[PDB]
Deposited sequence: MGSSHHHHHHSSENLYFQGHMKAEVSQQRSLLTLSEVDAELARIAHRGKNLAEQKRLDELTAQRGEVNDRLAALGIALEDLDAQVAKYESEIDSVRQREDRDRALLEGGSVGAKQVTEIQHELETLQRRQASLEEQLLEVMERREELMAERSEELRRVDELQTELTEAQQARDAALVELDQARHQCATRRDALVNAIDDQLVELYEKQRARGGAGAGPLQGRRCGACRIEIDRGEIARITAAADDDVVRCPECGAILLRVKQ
């Protein structure tokens, strides 16, 4: 097989454009901005998990102060209902009121302990809300930089796509087809002959085949014996 040397040089640039598009696709899946957004999202979920755990403890303490204040109201109402006054049975109410006054005091002790504990946890929850709010703000900053990097990679991809479309139209389709058949093997399809090493698979070509490669004409097309990529000189 043979092909004009002018289009063989176009095939070399064509293999260069394909390599650049490969790095663009690789960069789109390995962005540094995406890694930054992954970190901020992780620790934002950390505070969201701690905020949810604090909400459970606050619900439990809210249920305690609701049960405490309700039982004191029953003792307070019983003290006020019995406050409205038989003198023989009056002493019977005096001994009960003293025992109920001891119950209202003992209940107020437990109520102040859980009110302090609720006041401490509401401050901790307030400290985590400030923390997750600051994390969320720069999370959107990382999200705008992640999206801004994707539109730059896509813009550079479209420009290399237009350059690739122009090169294929300038080469005989019989040569472009062989380049695609070699890429279907996983190789680079076309690479330069750098000294004695292939520019694609990076092998060291033996002295035997290389003696025949240097003897081929300019219009001739040659491939690497190990990978098959079209060697260009």
Stretches with no C-alpha position, numbering per deposited sequence from 1 = 1 to 20, 106 to 111, 260 to 262
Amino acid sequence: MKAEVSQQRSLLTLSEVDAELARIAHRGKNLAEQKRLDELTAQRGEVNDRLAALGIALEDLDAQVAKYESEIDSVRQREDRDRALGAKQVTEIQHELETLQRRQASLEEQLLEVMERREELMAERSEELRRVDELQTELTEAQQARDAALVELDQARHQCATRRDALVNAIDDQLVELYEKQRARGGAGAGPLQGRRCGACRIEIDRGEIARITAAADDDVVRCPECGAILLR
From here on, numbers count along this sequence of modelled residues.
ask   = Looking at the entry, does 86 to 94 or 130 to 138 show the higher mean C-alpha B-factor?
value = 86 to 94
inquiry  = Mean Cα B factor from the PDB record: higher for 116 to 124, or higher for 76 to 84?
reply    = 76 to 84
ask   = Which has the highest CA B-factor per the PDB entry: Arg207, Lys181, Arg50, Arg27?
value = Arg207
ask   = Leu153's Cα B-factor: lowest, middle or highest third of the chain?
value = middle
remark   = Binned into thirds over the chain's modelled residues, the C-alpha B-factor of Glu59 lands in the middle
Third of the chain, ranked by Cα B-factor, where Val221 sits = highest
query = Based on the entry's values, in what third of the chain does the Cα temperature factor of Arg9 lie: lowest, middle or highest?
reply = middle
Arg44 CA temperature factor, ranked by third within the chain = lowest
